[PDB]
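Residue numbers (the UniProt record's numbering), protein chains in the order written: chain E, 322 to 360, 368 to 378, 385 to 535, 543 to 650; chain L, 612 to 650; chain S, 419 to 466.
For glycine and all other residues, C-beta sits at the position ideal for the given N, C-alpha and C.
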Amino acid sequence: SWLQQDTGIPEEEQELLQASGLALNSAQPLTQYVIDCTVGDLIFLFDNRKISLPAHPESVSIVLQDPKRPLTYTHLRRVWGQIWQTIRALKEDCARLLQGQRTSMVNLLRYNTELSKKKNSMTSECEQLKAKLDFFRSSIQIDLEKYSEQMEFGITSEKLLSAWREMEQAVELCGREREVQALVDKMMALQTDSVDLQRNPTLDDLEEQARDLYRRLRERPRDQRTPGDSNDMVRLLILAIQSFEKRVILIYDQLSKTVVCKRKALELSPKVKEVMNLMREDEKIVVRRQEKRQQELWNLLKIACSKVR
Amino acid sequence: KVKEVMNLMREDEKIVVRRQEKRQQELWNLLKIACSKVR
Amino acid sequence: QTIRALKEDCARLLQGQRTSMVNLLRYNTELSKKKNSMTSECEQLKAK
Numbered sequence: 322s323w324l325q326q327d328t329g330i331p332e333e334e335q336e337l338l339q340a341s342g343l344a345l346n347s348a349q350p351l352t353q354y355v356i357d358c359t360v368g369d370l371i372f373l374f375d376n377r378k385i386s387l388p389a390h391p392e393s394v395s396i397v398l399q400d401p402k403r404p405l406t407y408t409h410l411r412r413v414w415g416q417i418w419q420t421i422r423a424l425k426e427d428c429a430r431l432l433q434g435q436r437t438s439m440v441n442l443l444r445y446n447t448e449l450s451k452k453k454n455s456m457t458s459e460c461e462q463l464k465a466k467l468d469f470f471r472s473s474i475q476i477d478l479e480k481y482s483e484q485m486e487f488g489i490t491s492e493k494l495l496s497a498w499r500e501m502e503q504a505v506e507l508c509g510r511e512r513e514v515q516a517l518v519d520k521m522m523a524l525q526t527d528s529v530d531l532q533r534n535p543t544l545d546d547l548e549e550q551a552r553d554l555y556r557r558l559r560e561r562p563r564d565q566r567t568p569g570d571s572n573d574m575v576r577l578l579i580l581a582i583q584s585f586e587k588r589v590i591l592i593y594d595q596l597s598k599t600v601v602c603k604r605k606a607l608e609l610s611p612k613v614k615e616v617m618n619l620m621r622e623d624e625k626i627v628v629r630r631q632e633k634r635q636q637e638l639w640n641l642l643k644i645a646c647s648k649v650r
Numbered sequence: 612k613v614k615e616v617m618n619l620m621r622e623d624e625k626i627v628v629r630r631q632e633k634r635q636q637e638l639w640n641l642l643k644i645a646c647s648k649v650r
Numbered sequence: 419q420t421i422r423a424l425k426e427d428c429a430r431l432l433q434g435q436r437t438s439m440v441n442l443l444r445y446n447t448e449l450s451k452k453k454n455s456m457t458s459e460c461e462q463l464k465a466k
């Protein structure tokens, strides 16, 4: 409630994910989920399609420094210190949104593999019923090939040669297999796309470089202070915006991508689950009627035989 | 193992389903007996 | 320099390995997946 209270995306679109391990076990009260202070955190999503967004803190002194560079008294010891801290406040930040993603696509990478491998047994069940449907391209052709060895009797009926003709080719094209692509194709969609993101990528280099500048200034031994340059301590900030800013599209682009896959792996499941229920029996019954189609060659014998005795 | 041992698998199931064509051959030939012996 | 001569060194024996098991990881996957079709066949020739 009080989460929608502020965001407004209400419970039925609310993904509360304690750590990356789990979803929110609303069992316990909220104080099992606390932990603070002394030697982890409920990220939270929206149920939709993706759009990034750089939202930024400030601090006055800083925000003047950069539209400037002139006066530079003794004490950059604040301002300088400050500037990396905000550079460091960005690495702190960018890599918490890298958190979000690489929990929400280590829920995909789960219920991709875990479900959509077992359903790639339900479609080994297809390539048996296919090649097996084939003994039955012989069975009911080889037969229909020697009932033309009949002009020297047994041959009447013709209904049990026309009824073969009609079921020659009723079944000749019965095996619904060609799912073999919407099986494999849209299977390899997600065991290659959930492998691009399970991998993953100079912000961190820049703050190691704003490390020294905002250190070498305090290391600048005794008398030099004054010489007042706001300076390239704005360079190392300007950059440490872009390389933050840009590591937050890439992140968001790539959170989106791992809901793209979530959906597809919830559609490309019950198709190649249920549609391959049908595959089975409505090939399997449509090869239970072949026993009863020799039944009647085998019954055709006990005709041209009771009519001699 | 699971190369050669599955060479054998194929054939010593596959020949052991090449003899089924010749097991109807001779039900289907059993017809052209109890039929030439009436004409 | 000798501390640095060791990182130079260690990340040389870590070399050895992670070339000799990126020859395994090859001719594991590459051969022993195709031979896991030769044993989808078994389960066709069975039900068949």
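Are the CB atoms of residue i and residue j nearer to each other than 8 Å?
i                 : j                 : result
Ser-393 (chain E) : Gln-416 (chain E) : yes
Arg-621 (chain E) : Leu-463 (chain E) : yes
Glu-334 (chain E) : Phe-374 (chain E) : yes
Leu-478 (chain E) : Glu-502 (chain E) : yes
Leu-343 (chain E) : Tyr-354 (chain E) : no
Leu-442 (chain E) : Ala-606 (chain E) : yes
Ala-581 (chain E) : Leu-609 (chain E) : no
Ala-645 (chain L) : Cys-460 (chain E) : no
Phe-585 (chain E) : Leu-337 (chain E) : no
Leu-577 (chain E) : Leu-558 (chain E) : no
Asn-454 (chain E) : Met-521 (chain E) : yes
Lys-643 (chain L) : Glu-511 (chain E) : no
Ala-340 (chain E) : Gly-368 (chain E) : yes
Within 10 Å of its beta-carbon, does residue i have 16 or more other beta-carbons around it, so buried, or fewer, so exposed?
i                 : result
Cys-428 (chain S) : exposed
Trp-323 (chain E) : exposed
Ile-579 (chain E) : exposed
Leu-638 (chain L) : exposed
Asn-640 (chain L) : exposed
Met-574 (chain E) : buried
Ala-551 (chain E) : buried
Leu-351 (chain E) : exposed
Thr-359 (chain E) : exposed
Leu-619 (chain E) : exposed
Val-649 (chain L) : exposed
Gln-399 (chain E) : buried
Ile-421 (chain E) : buried
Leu-517 (chain E) : buried
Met-439 (chain E) : buried
Out of the options, state which residue places its alpha-carbon closest to the alpha-carbon of residue i.
i                     : options                                       : result
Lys-614 (chain L)     : S:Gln-433, S:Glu-461 and S:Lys-452            : S:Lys-452
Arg-411 (chain E)     : E:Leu-642, E:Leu-596, E:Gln-565 and E:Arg-556 : E:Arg-556
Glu-624 (chain E)     : E:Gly-509, E:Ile-590 and E:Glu-461            : E:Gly-509
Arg-563 (chain E)     : E:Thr-408, E:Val-360 and E:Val-397            : E:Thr-408
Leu-467 (chain E)     : E:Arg-533, E:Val-628 and E:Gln-326            : E:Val-628
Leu-591 (chain E)     : E:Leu-531, E:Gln-565, E:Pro-611 and E:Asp-553 : E:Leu-531
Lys-603 (chain E)     : E:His-390, E:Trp-418 and E:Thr-447            : E:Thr-447
residue 364 (chain E) : E:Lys-643, E:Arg-588, E:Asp-327 and E:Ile-626 : Position 360 is followed directly by 368 in chain E, which means residue 364 (chain E) is not present among the coordinates.
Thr-457 (chain E)     : E:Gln-484, E:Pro-611, E:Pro-391 and E:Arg-561 : E:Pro-611
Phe-470 (chain E)     : E:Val-440, E:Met-485, E:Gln-484 and E:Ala-504 : E:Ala-504
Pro-391 (chain E)     : E:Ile-356, E:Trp-414, E:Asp-357 and E:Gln-419 : E:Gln-419
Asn-534 (chain E)     : E:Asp-594, E:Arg-630 and E:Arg-566            : E:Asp-594
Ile-330 (chain E)     : E:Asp-553, E:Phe-372, E:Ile-356 and E:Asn-346 : E:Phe-372
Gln-583 (chain E)     : E:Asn-376, E:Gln-326, E:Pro-388 and E:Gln-325 : E:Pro-388
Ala-465 (chain S)     : E:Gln-326, E:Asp-519 and E:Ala-465            : E:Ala-465
Look up residue i in the DSSP assignment and give the residues it is bridged to.
i                 : result
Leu-338 (chain E) : E:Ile-371
Examine the Cβ distances between the segment 474-490 of chain E and the segment 498-516 of chain E and report whether three or more of them are shorter than 8 Å.
yes
Does the count of Cβ pairs from the segment 508-527 of chain E and the segment 479-491 of chain E closer than 8 Å reach three?
no
Is it true that the segment 630-643 of chain E meets the segment 567-583 of chain E, where meeting means three or more beta-carbon pairs spaced less than 8 Å apart?
no
Counting pairs of Cβ atoms below 8 Å between the segment 434-445 of chain E and the segment 583-600 of chain E, do you hit three or more?
yes
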